[PDB]
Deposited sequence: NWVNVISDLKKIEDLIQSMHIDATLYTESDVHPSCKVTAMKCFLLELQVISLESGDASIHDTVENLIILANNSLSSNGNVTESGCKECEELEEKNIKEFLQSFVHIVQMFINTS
C-alpha cells in the first residue's frame, strides 16, 4: 500500500523530463508524520497542475488513492506552509523517505 507508492514516485520522478518549488519535510517526526503525508499529497498535485500530462495525472491519482486510503490526526505539528521549499527532485525523494517511515509502521 505504502510500498506501491514508492514505485509510482519513480514513474513521475521521471516522466518529468521542469518546474518550481514544493513544501517538503525530512525532519519527519514520527509523531507528526501523517500531517507530513497530507502536505506531500497536496504538493504532489502541484505537478499535475503545471504538467499538462495525462499520464502523470493518472499516476499522482493512483498514488493519492493508495495514500488517502492508507491514512484512513496529530498534535504540535508544522503547517504545510511552514515547510522547506525544495525542488521536484528533493520533494520526490523526500516523499520516498516519508513513505518508508510509514512502512516500518
>> Taking the deposited sequence as numbered from 1, list the residue ranges that were left without C-alpha coordinates.
In response: 18 to 20, 76 to 80, 114
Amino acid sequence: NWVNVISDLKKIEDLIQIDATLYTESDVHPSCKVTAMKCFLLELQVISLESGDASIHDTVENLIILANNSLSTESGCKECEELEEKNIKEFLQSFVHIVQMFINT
From here on, numbers count along this sequence of modelled residues.
> Comparing 36 to 44 with 50 to 58, which stretch shows the greater average C-alpha B-factor in the deposited entry?
Replying inline: 50 to 58
> Mean C-alpha B-factor higher for 63 to 71, or for 23 to 31?
Replying inline: 23 to 31
